[PDB]
Amino acid sequence: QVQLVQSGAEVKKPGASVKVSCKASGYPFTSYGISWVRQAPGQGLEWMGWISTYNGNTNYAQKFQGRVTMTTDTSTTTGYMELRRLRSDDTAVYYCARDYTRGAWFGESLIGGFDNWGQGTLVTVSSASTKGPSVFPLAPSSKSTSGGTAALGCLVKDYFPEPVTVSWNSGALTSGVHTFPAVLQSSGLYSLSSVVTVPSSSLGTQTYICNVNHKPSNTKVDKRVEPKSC
Amino acid sequence: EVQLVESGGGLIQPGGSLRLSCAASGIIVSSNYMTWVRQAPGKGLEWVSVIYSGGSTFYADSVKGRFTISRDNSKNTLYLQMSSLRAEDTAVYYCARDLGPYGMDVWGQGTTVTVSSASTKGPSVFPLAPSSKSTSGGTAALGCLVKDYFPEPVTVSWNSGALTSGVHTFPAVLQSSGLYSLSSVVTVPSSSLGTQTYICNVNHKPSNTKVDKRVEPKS
Amino acid sequence: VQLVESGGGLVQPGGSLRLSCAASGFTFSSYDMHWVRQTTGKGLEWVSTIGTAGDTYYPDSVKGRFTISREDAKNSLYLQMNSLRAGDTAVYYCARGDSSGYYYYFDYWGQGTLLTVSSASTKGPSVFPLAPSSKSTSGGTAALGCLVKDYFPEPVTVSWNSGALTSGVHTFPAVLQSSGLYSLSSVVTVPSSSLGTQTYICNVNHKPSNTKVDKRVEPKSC
Amino acid sequence: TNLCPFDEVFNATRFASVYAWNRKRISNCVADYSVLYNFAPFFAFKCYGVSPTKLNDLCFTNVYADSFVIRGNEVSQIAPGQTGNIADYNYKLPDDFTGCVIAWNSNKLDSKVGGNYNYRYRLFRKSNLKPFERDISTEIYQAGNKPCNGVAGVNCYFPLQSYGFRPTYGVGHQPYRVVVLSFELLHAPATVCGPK
Amino acid sequence: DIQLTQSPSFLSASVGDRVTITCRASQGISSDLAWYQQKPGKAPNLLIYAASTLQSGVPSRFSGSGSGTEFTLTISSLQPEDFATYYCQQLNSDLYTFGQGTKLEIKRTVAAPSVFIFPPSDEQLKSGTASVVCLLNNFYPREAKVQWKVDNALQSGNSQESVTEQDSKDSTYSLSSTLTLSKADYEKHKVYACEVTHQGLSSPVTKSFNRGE
Amino acid sequence: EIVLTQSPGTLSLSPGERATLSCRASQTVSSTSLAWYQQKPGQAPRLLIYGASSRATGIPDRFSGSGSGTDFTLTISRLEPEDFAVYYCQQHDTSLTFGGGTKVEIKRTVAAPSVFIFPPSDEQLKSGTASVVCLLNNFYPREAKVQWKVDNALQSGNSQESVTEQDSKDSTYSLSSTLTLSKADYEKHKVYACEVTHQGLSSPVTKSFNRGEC
Amino acid sequence: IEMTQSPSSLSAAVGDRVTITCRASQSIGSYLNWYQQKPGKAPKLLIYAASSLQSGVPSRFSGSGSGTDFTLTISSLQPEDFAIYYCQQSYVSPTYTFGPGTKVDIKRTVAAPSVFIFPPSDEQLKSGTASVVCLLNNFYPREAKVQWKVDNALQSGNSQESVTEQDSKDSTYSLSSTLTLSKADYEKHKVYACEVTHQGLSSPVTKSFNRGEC
Ligand SMILES: *[C@@H]1O[C@H](CO[C@@H]2O[C@@H](C)[C@@H](O)[C@@H](O)[C@@H]2O)[C@@H](O[C@@H]2O[C@H](CO)[C@@H](O)[C@H](O)[C@H]2NC(C)=O)[C@H](O)[C@H]1NC(C)=O
């Protein structure tokens with residue numbers, strides 16, 4: 001079976017260079033070329049380049065000419081992509097794929113497409129530094145509602161890099177749990193909210209403790225949600 | 001001046017051989033597609049053979065193994081060599097130039113070839129005189145019947161061109177024995193029957209025979 | 001090296017039939033196999049080929065109807081035929097293929113099975129006497145016999161006096177007619193001194209339909 | 001260990017015209033012919049000088065893949081000892097030819113509603129070609145005596161003609177893609193062997 | 001082996017009409033067809049090639065269109081010189097095939113033929129053979145039927161008819177039929193009738209002559 | 001270059017129906033150089049159709065492709081929960097260009113959102129920064145729009161919103177909007193409110209709270 | 001590839017030399033094989049590559065030729081060498097074509113074919129059909145012509161011929177010809193004749209009879 005595995009996620013600074021590997025196994029390596037695709041967060045696909053695993057001939061896109069180099073190694077059955085002069089525009093998910101649109105020997109067009117994509121490597125560039133989350137509560141107000149069910153949660157602010165893992169009582173409460181996608185603020189930091197819905201009858205008989213885990217800072221915070229007091 | 005002129009055809013016996021020639025003027029035979037086609041009397045055109053300007057030749061299934069195509073560059077000529085002639089090969093033959101999908105544009109005038117047991121013979125002329133059964137409205141028809149001659153053509157006129165209006169000369173019809181026959185007729189008023197003298201003239205150049213017969217009413 | 005074929009027989013037009021060829025004396029999976037059929041009016045014609053790597057080839061008149069398969073474990077080869085017309089009547093041979101350099105030849109053939117396709121059923125033959133006459137007598141010898149017509153299928157056995165006569169008896173091969181039945185004539189020449197004195201009886205046996213026909217050929221007086 | 005690139009020959013996007021056929025050289029590779037043993041309904045798989053079944057057991061010095069596109073009734077001309085327009089003026093095979101010829105229909109790929117005028121063939125020539133010869137000349141053919149002077153007119157013709165493929169054409173007048181595999185043997189290590 | 005067939009084998013038209021002829025293939029032969037014109041006693045001319053293109057010199061009144069199986073030739077207006085036979089030609093690989101041929105004539109009203117008879121001559125009678133001639137004059141259209149009645153019986157053989165071409169002045173026909181017999185067979189009967197059936201004639205008119213007069 | 005435009009931008013269809021997606025091109029592209037890919041959320045794309053008509057290995061038969069020239073079409077006969085993804089049209093006639101993308105989503109009944117407002121916590125207020133949250137929960141369709149009002153005037157350029165995907169159970173959305181300021185700007189006024197408008201709501205709903213409210 | 005052999009039939013004695021020729025419609029090089037077939041047996045591979053001798057085959061068989069013409073030679077004929085010989089081309093694959101075949105016979109002195117006729121029986125005539133038989137006995141060689149005449153009129157398409165194998169001792173041939181028509185057709189004529197032409201007869205011998213003589 002065809003398998004393509006890429007390296008882990010990378011966090012860089014503007015001006016530096018990023019190298020991403022792609023190891024392929026399960027097929028004759030030299031019979032197929034390698035293509036690279038890029039996807040910005042919440043956008044469409046974008047072709048970058050094609051490399052022949054037979055003679056090393058390459059063709060790159062007009063947008064990336066001069067910044068990207070693709071190399072290969074046949075002994076280890078691996079391809080490499082290096083991108084330099086990084087900018088915030090270049091933060092994206094990168095995919096390596098086995099190609100059937102241009103041949104590896106004579107370099108002519110074929111009838112097919114990209115098959116057997118890899119899993120994807122997230123390359124994120126920014127001037128920020130590692131920072132743990134700030135966790136604050138959002139407690140229900142005294143104003144009652146018609147439905148008799150309240151909503152509460154915890155707000156995670158000023159954290160980097162992604163991601164953080166939010167749990168509510170270690171899976172005991174998994175009904176009504178909503179974790180919204182993160183948004184990048186003007187300061188270069190990330191924010192996030194986690195919310196849940198609870199019956200009124202359990203407001204005064206149950207206490208909720210939301211746990212936020214940030215691996216890069218190795219920080220785990222358990223914060224309680226209680227009714228607001230004067 | 002671009003044209004093709006053909007020759008080399010006539011009478012021949014079954015099992016014989018013949019060679020038909022077609023000379024060009026303005027067309028190089030060695031640089032054009034050349035074709036021999038044939039048309040039987042009242043039957044339509046039928047392709048016979050083709051030669052390319054590389055030496056390749058192609059024949060129909062009805063002449064395969066018997067007919068051959070030749071081309072002479074020095075004389076600028078195209079030849080068709082026919083062997084084992086049969087009664088199905090009596091026709092007029094044409095040499096043409098083929099352009100492919102652009103069609104055949106240049107044609108010759110054609111040469112006639114007739115295959116029969118022959119025995120070139122002069123004609124027999126009989127008078128078809130008017131009668132009471134051939135009179136209607138004061139006009140009666142008369143004529144001369146020519147029979148049992150070979151080969152074509154036979155020219156039948158009346159009074160050496162003095163009487164030409166109202167004359168009919170039917171095409172010859174081949175009989176089972178291989179001889180030709182026709183009847184040439186003219187319609188004249190009944191009142192002129194007793195005064196006018198009608199003499200039919202039959203000219204047969206192959207038999208060199210000029211036979212004249214007077215047609216008059218029979219009592 | 002031995003190859004034994006089986007499966008031939010009678011089948012209706014448009015039907016299907018499977019033939020098998022079992023091999024012994026060699027490694028079955030190291031050689032290519034072919035099916036070649038023979039008809040009297042056309043000669044030998046190659047109909048099927050299978051190779052070592054599971055590749056099959058067919059001619060133009062057979063594609064879409066025949067399928068060739070092999071089983072190495074059971075050491076056998078099979079041909080499956082569907083949508084037969086009347087033109088497939090033939091003797092089928094399974095053959096082994098071999099090659100020297102680039103030159104390919106069939107080195108071993110089998111006995112072959114006879115396959116008849118037609119819309120015919122068992123019928124009883126009709127026996128008629130072909131009596132001697134003046135035109136059939138020449139130089140002290142007279143020719144007589146029996147005509148056996150309209151039978152199916154092959155074969156039909158003809159004998160004289162329960163086999164008491166063998167010399168001078170010609171048993172002609174059967175010929176297929178336009179009606180789908182066979183007709184044969186069995187003749188015998190005897191000296192003219194035996195005319196009107198000996199008994200000439202022809203016996204006809206048709207086992208595929210259990211028919212016995214006894215005919216007395218009475219000589220003509222003219 | 002490199003496999004031979006037969007996919008890049010059979011599975012290409014654009015096929016050359018018959019008068020300018022495309023030639024590719026295959027060497028230093030392991031020839032796996034299973035891609036030819038499986039195939040699909042294919043118009044022609046005719047081999048000359050060697051059996052199709054024994055290909056996995058023969059080593060050749062080099063292999064030539066020749067690709068072009070013709071119409072159906074001309075497919076029979078890609079064979080030794082043949083005469084015709086394509087045989088004499090477009091592509092000729094030797095009498096002692098060793099190799100295979102594969103041909104398949106390509107109506108869904110090379111036909112256009114208004115007519116495809118990208119495929120052309122030679123119609124006029126003064127002599128035949130020696131085997132494996134290509135002529136890409138585009139000069140006016142002189143059919144008469146007066147020289148053409150490089151301009152069309154009476155007795156002066158542009159040589160190449162267009163097929164004009166349409167989907168409503170007959171089966172014999174529909175496009176067919178043709179690949180000719182030519183095998184050679186000389187004093188060389190025979191770098192095209194096969195799995196054996 | 002593609003066979004070409006032409007739909008109208010005959011067509012009678014007048015000067016100033018628009019005519020159409022159809023050539024139909026049996027398999028489908030692309031868009032390569034040729035259309036030729038032939039006048040009596042002369043070689044064919046090339047009118048149309050590529051099934052729509054007009055060869056140089058042919059007037060604009062000719063047109064053509066078709067592809068695949070059906071092809072059509074069209075004449076917009078009929079000039080007096082356009083009455084002739086026409087043929088469709090297809091090239092294939094190396095097999096040239098022509099059609100049956102379509103003939104064009106001149107339209108005219110209906111005319112009643114004039115019927116006359118001609119007995120065998122005495123000079124011909126001395127030779128041992130007798131020929132009886134039936135003559136029909138000035139009739140349109142071409143279709144006519146002639147029946148030979150001997151002993152009040154329809155004959156089966158020894159007959160061959162000759163038809164004239166269209167007259168250049170009146171556009172009419174006139175045809176002659178012959179019945180040939182031996183002296184022995186002619187000297188055994190007195191009944192010899194020629195029955196002529198035609199569109200113009202209301203009833204079949206039979207003209208005969210008695211041997212004893 | 002060749003620009004490929006996909007139509008339409010998004011599709012809202014219920015399971016079992018038939019899906020039709022169109023890809024148009026500025027210039028002509030050979031039918032043997034078009035492809036269609038599918039990408040489910042959180043995963044890598046996979047090849048669906050190549051040659052504008054063929055099917056990749058392991059692909060179910062409900063996917064079909066047709067068209068020519070400058071118009072190509074991808075059709076799905078019967079939809080399923082797994083066939084709700086993002087689809088892409090690709091060509092490699094001249095260079096290589098991807099399509100914009102078309103998305104298919106579940107259809108359901110129109111549901112009005114539940115609108116809650118959350119004031120900033122005192123601990124966050126001690127940091128000099130204030131965040132006020134307006135939460136819309138369990139609504140459909142996606143087209144809802146919210147204004148922010150501090151003391152009956154509108155603020156623009158100071159709000160950020162985040163939306164989740166369709167829920168796996170009921171196929172429903174959820175939106176969170178945040179209004180961000182400093183401490184002094186927060187204390188300068190008393191009343192804060194968020195106004196919501198949606199198809200399921202006849203008139204906009206305004207949720208407000210005063211600063212000195214316990 | 002059309003493949004031809006010559007002559008159609010050959011006769012030779014034990015110890016003689018026999019040569020048979022095979023001709024192709026194209027140039028097949030040395031891609032020719034020679035096969036032998038005895039009556040009611042399987043074909044045997046005699047020669048491959050147009051010159052090589054298969055192992056276990058007598059050394060008296062020789063093969064020569066190249067291009068368009070090849071030759072099979074038997075040096076000293078033997079009784080186990082009377083059979084049908086075919087040539088097969090192995091140039092075009094996978095369609096292999098065999099030749100028509102040449103049959104080798106035993107030489108015998110010329111014997112006049114004794115001719116008899118047999119009229120239809122009364123029993124067959126009662127069934128509505130009639131068969132007339134022409135019998136030829138003990139002739140050599142097999143090349144003979146049989147013709148049927150009904151009231152001095154040629155007949156074709158209604159005659160069936162049957163020939164038995166060469167006899168084991170006298171080495172002769174026997175032939176039968178059957179003309180089958182309806183009872184009314186038989187009753188529609190009186191005189192029937194059978195004409196036999198053979199190289200051993202100075203003139204074509206015709207045996208004629210009248211319907212009702214006996
Ligand atoms: C020409 O290509 C076809 C199709 O290739 C498939 O699609 C491509 C986009 C790519 O993903 C290939 O890896 C795919 O195989 C080949 O046909 C396939 O051949 C394989 C043989 O390994 C077979 O298992 C599949 O079933 C075939 N699929 C189809 C639809 O036919 C074909 O073999 C290629 N031609 C050559 C000469 O290699």
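**Overview of the site of the ligand**
(1) Moving on: Lining the immediate environment of the ligand, one finds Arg-98, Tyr-100 and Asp-115 of chain A, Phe-6, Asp-7, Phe-10, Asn-11 and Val-35 of chain D together with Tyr-50 of chain F.
(2) Moving on: Those residues lying near the ligand are distributed over chains A, D and F.
(3) Moving on: Measuring from an oxygen atom of the ligand, one finds a side-chain N or O atom of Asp-115 of chain A at 2.8 Å.
(4) Moving on: Here an oxygen atom of the ligand and a side-chain polar atom of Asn-11 of chain D are 2.3 Å apart.
(5) Moving on: Here the ligand loses 53% of its free accessible area of 720 Å² to cover by the protein chains.
(6) Moving on: Looking at the shell around the ligand residue by residue, the classes come out as five nonpolar, one polar and three charged.

**Topic: the pairing of strand 2 (residues 9-12) of chain G**
Residue and element names in this part refer to chain G.
(1) Moving on: By the alternation rule, side chains of strand 2 split into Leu-10 and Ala-12, which are all buried, and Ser-9 and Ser-11, of which none is buried.
(2) Moving on: Inspection of the sheet shows strand 2 paired to strand 12 (residues 102-106) by four bridges, in the parallel sense. Residue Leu-10 lies in a different strand from strand 12, and its bridge partner there is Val-104.

**Considering the state of the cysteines**
Residue and element names in this part refer to chain B.
(1) Moving on: Under the counting rule described, the total for this entry stands at 18 disulfides over all chains.
(2) Moving on: Disulfide pairing places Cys-22 opposite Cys-95 at an S-S distance of 2.0 Å. Handedness here is read from the sign of the S-S torsion; for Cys-22 and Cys-95, about 75 degrees, the answer is right-handed. Of this pair, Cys-22 sits in strand 3 (residues 17-25) while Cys-95 sits in strand 9 (residues 91-98), and the two are 73 residues apart along the sequence.

**A closer look at the interface of chain D and chain E**
(1) Moving on: On the side of chain E, nine residues touch chain D, which itself brings seven residues to the contact.
(2) Moving on: Roughly 620 Å² of surface becomes buried between chain D and chain E when both sides are summed, with 42% attributable to carbon and sulfur atoms.
(3) Moving on: Contact with chain E buries surface across chain D, with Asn-73, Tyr-169 and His-173 of chain D losing the most and accounting together for 57% of the total.
(4) Moving on: Our count for the contact surface shared by chain D and chain E stands at one residue pair in polar contact.
(5) Moving on: Here the residues of the side of chain D that touches chain E sort into one nonpolar, six polar and no charged.

**A short note on unusual backbone geometry**
(1) Moving on: Along the chain, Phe-152 of chain C connects to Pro-153 of chain C via a cis peptide bond; the corresponding omega equals -5 degrees.
(2) Moving on: Its location among the elements puts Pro-153 of chain C in the loop between strand 14 (141-151) and strand 15 (157-160).
(3) Moving on: Of the consecutive residues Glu-154 of chain C and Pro-155 of chain C, the connecting peptide bond is found in the cis state with omega at -5 degrees.
(4) Moving on: A positive phi angle, near 60 degrees, is found at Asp-148 of chain B, a position not held by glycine.
(5) Moving on: In this structure, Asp-148 of chain B sits in strand 14 (residues 139-149).
(6) Moving on: A residue is classified by how much of its surface remains accessible, and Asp-148 of chain B, at 23% relative accessible area, is partly exposed.

**Some remarks on the environment of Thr-53 of chain E**
Residue and element names in this part refer to chain E.
(1) Moving on: Mapped onto the elements, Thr-53 comes out in strand 6 (residues 53-54).
(2) Moving on: Given the relative accessible area of 31%, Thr-53 is considered partly exposed.
(3) Moving on: Residues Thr-53 and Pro-113, spaced 60 residues apart in sequence, show a C-alpha to C-alpha distance of 44 Å.
(4) Moving on: Ignoring anything within four residues of it in the chain, the contact list for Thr-53 reads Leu-47 and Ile-48.

**Some details on the domain arrangement of chain G**
All names here are of chain G.
(1) Moving on: By the assigned domains, chain G splits into domain 1 (3-106) and domain 2 (114-210).
(2) Moving on: Computed from C-alpha coordinates alone, the two centres of domain 1 and domain 2 are separated by 35 Å.
(3) Moving on: Across the contact, five residues belong to domain 1 and five residues belong to domain 2.
(4) Moving on: Summing the contributions of domain 1 and of domain 2, the shared interface buries around 400 Å²; its carbon and sulfur component is 23%.
(5) Moving on: By the criterion of area lost to domain 2, the three top residues of domain 1 are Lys-103, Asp-105 and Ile-106, representing 80% of everything that side buries.
(6) Moving on: Run the count over domain 1 and domain 2 and you get one salt bridge.
(7) Moving on: With its nearest N and O atoms 3.8 Å apart, the salt bridge here joins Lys-103 to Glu-165.
(8) Moving on: Where domain 1 meets domain 2, there are four residue pairs in polar contact.
(9) Moving on: For the side of domain 1 that touches domain 2, the element with the highest residue contribution is strand 12, accounting for three residues.
(10) Moving on: Classifying every residue of the side of domain 1 that touches domain 2 by side-chain character gives two nonpolar, one polar and two charged.

The rules behind each value
- For each chain, numbering restarts from 1 and follows the sequence as written, which can differ from how the entry numbers it; residues lacking coordinates are not listed.
- Following the order in which they are written, the chains are lettered starting with A and the ligands numbered starting with 1.
- Side-chain numbers come from the whole structure's heavy atoms, not from hydrogens or water.
- If a single non-hydrogen atom of a residue is within 4 Å of a molecule or strand, that residue counts as near it.
- Whenever two N or O atoms come within 3.5 Å, that pair is a polar contact, provided that in protein one can donate a hydrogen and the other can accept it, and provided that, for residues adjacent in sequence, both atoms are side-chain atoms.
- All accessibility values rest on the Shrake-Rupley procedure with a 1.4 Å probe; residue burial counts only the protein chains present in the view.
- Side-chain classes are defined by residue name, with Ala, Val, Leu, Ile, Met, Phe, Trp, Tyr, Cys and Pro counting as nonpolar, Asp, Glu, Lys and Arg as charged, and the others, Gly among them, as polar.
- Residue exposure (1.4 Å probe, protein chains only): buried if accessible area is under 20% of the type maximum, exposed if over 50%, otherwise partly exposed.
- Note on conventions: DSSP H or I runs of at least 4 residues are helices, E runs of at least 2 residues are strands, and numbering of each starts at the N terminus.
- Following DSSP output, two strands are said to pair if at least two bridges run between them.
- Working definition: a disulfide is two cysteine sulfur atoms within 2.5 Å of each other.
- Contacts between residues were defined by any pair of non-hydrogen atoms, one from each residue, lying within 4.5 Å.
- For any pair of parts, buried area is found by adding up, for both, the accessible area (1.4 Å probe) each one loses once the two are put together.
- A domain assignment, automatic or from a database, supplies the domain bounds used here.
- In the sections that follow, a salt bridge refers to a side-chain nitrogen of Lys or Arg positioned within 4 Å of a carboxyl oxygen of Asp or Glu.

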